[PDB]
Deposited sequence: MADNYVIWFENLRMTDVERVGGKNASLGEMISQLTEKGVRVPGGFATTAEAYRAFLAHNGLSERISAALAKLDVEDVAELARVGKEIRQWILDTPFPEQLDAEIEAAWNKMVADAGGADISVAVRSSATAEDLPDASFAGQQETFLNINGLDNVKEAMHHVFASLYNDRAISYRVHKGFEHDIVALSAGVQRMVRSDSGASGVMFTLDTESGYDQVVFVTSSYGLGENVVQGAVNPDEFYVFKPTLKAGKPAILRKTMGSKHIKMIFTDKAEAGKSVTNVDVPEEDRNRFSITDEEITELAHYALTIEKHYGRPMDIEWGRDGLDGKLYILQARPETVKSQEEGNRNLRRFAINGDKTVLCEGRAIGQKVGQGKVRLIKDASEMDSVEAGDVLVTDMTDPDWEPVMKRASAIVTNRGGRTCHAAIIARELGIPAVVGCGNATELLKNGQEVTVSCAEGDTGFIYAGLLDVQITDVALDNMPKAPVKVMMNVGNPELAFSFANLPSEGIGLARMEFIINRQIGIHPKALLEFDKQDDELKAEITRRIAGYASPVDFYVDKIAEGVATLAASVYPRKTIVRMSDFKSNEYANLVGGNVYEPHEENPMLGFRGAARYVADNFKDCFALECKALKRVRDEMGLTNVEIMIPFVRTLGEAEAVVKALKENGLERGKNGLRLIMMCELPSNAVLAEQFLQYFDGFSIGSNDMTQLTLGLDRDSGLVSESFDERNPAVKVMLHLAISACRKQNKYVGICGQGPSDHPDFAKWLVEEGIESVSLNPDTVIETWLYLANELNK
């Protein structure tokens, strides 16, 4: 009645032991047979806490103090809070609670065969983050009891007294969970989410990991390794890790031999070995992602989960699991209104709850997550702007974004006649566009992955051994966590492309192979020596000619190895491969021969092959080029430049650039007709349809199958076109 074992708790015991302990029992009792390993222990109950607090009778003394106390007088609140906490600290456990803890402790050491076990003593409130309060590596009975005293006192931490007065409430209790320690002090640990927190995208599992006890990743005291795993392909048993980001992993929490009270754990530097390694293996990331899903399937909602790899066992444990739910400040949701209605002020009392109702947004100088105004806006909301009173003006006219640095500008689906698809380059933004209404990605560009995730010329990696001490050293630095220089290149392209394809899966993602000019390959590390200066880069060594050049075929092979893995192993079959700058029919033919050499063929595993139609020759021999491909994506930028003989970046001529020049239109017509008479895909890329609505009109009238737009131009164009139909 005072102490309950986790194995006898269920999620229906939340009022008795709190959400954390109830959830622990729910997993132990229901999921251990589904493979989830949760450490054992016991919870104290809400009536244990009440009995404890009745003493002489402390409960009513606390209640008296809290009565006459302004929580928004920050002195009194610190003074009264400290006072209350010392009373709880100086109050002894009732005789029955001590005996019952002792008997439960004695059974734990009996279950552990021997033994000098250690435990976590955590706070499980009948109600965050947490400020919570937790104790780790607590080795004997009296330590455990004193760590429990502290947990009990934590209910009346100052912010907790506020948080409750703010949520508008007495007069409360909590439960202490006493759980066996997993030895991740010599292993690794972290936190998993069964959605992407940033975007909200729920088809992915997020796994963060570092060395040591997981308290550090939970608290953000360390920058951890971050991994994304794709749910559908993980369930089919295919390799499902989309993205690996190495954390700096500066420090790690370990055990002390020297445990006075909270000195049982300490932070220590991570060696440079471990720092530039990934802290868990692919097999582990995957194994954890499976646990995440069986937990989420069971609870029927998004989950936030703590886990640890025991450095003794080797085995992965789930430790805790719970449900997951100009000017600047702390930030989901956008909003609009006049700045006064967007309310701009220092910080709200509760007296600011009527006039708060008389308004439509809140932006405040002070505050963090559990700020007064930040809670009213959850039940929105930019807090923690040092000076918005200053920056923002009393007039108007603003709109307040949270799609988590909470900006504040400075501003303010029907049937479509074509398919509106996205033009996407940055895989770090991919899950934020999963959400946007589109028909997929009609141009997934490769150049951000190469510039920004890889950063090194593939021939420098291919010929690593011919460098350059200074360069061998730079490459090795950059390729940390990957098996070899060439494996880095393939792996990172696979990650980037799998990520983009996963974002809109199962929807079409047309991946353009690399469209770099040689001056862009020259800027990569190790690149200049392979990329001589050209007089006219727009017209130089790039595209198909580069892919099939003897001098560069081993690099093309690398990019092909990545795409093939993405489709053939990762099961991301929604990927089509687009080939740019195909100048002649001999090049078209050479490229399909090259792809074939590298295991990629039309019809094999459903592969579809698209040509970027961007040279005038592609238009006047449309039908002839089209035999080699399943369709065209028209690159109107390059088509316009070559038809009209212009560099649109040169200001001296570029006023004559116009995708809707009659000469360019003849070219588009030739291409789009050729495709139509073969019942073949024809799309167009470029912002022309967005920037010139009549061009969009002309394109629908020509029979274009799709249009590919920057995500932030997608809704407007869709609506314009739908309204026209």
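Asks: Any chance you could give me the deposited-sequence numbering of all the stretches lacking C-alphas?
Replies: Model skips 1-3, 131-137, 180-181, 338-359, 366-367, 377-390, 430-432, 457-458, 468-479, 793-794 of the deposited chain.
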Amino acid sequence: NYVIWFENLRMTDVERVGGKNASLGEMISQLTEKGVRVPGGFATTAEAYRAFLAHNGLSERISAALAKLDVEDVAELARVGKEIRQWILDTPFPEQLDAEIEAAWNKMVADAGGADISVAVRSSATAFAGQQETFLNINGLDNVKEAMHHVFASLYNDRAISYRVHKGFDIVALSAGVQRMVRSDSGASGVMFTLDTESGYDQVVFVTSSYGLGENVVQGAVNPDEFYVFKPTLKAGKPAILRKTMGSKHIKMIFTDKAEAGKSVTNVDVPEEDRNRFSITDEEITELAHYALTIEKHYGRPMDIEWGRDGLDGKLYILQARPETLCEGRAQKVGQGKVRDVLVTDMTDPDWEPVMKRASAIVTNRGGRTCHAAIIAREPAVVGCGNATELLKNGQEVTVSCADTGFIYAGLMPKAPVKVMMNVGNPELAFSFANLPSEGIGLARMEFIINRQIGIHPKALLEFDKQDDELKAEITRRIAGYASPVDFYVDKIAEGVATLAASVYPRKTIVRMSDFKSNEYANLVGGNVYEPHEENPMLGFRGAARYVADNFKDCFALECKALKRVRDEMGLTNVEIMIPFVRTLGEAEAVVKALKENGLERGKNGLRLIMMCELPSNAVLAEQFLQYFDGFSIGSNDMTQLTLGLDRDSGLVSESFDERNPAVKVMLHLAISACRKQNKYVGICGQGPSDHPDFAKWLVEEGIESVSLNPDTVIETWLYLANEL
From here on, numbers count along this sequence of modelled residues.
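Asks: Determine, for stretches 64-72 and 28-36, which one has the higher mean CA B-factor as deposited.
Replies: Going by the record's values, the stretch with the higher mean is 64-72.
Asks: Highest mean C-alpha temperature factor of the two stretches 197-205 and 355-363, which is it?
Replies: Looking at the recorded C-alpha B-factors, 355-363 comes out higher on average.
Asks: Out of 633, 574, 643, 336, which shows the largest CA B-factor listed in the entry?
Replies: Highest CA B-factor of the listed options: 336.
Asks: When you compare the CA B-factors of 601, 282, 158, 487 as listed in the entry, which one comes out on top?
Replies: Among 601, 282, 158, 487, the PDB entry lists the largest C-alpha B-factor for 158.
Asks: What third of the chain does residue 167 rank in for C-alpha temperature factor, lowest, middle or highest?
Replies: CA B-factor rank for residue 167: highest third.
Asks: Going by what the PDB entry lists, where does residue 329 fall on CA B-factor within its chain: lowest, middle or highest third?
Replies: For residue 329, whose C-alpha B-factor we compare with every modelled residue in the chain, the answer is the highest third.
Asks: Please rank the C-alpha B-factors of the chain's modelled residues and tell me whether residue 216 sits in the lowest, middle or highest third.
Replies: Tercile = middle for this residue's CA B-factor.
Asks: Pull the Cα B-factor of residue 683 out of the PDB entry and bin it into the chain's lowest, middle or highest third.
Replies: CA B-factor rank for residue 683: lowest third.
Asks: Would the CA B-factor of residue 59 place it in the lowest, middle or highest third of its chain?
Replies: Top third by C-alpha B-factor.
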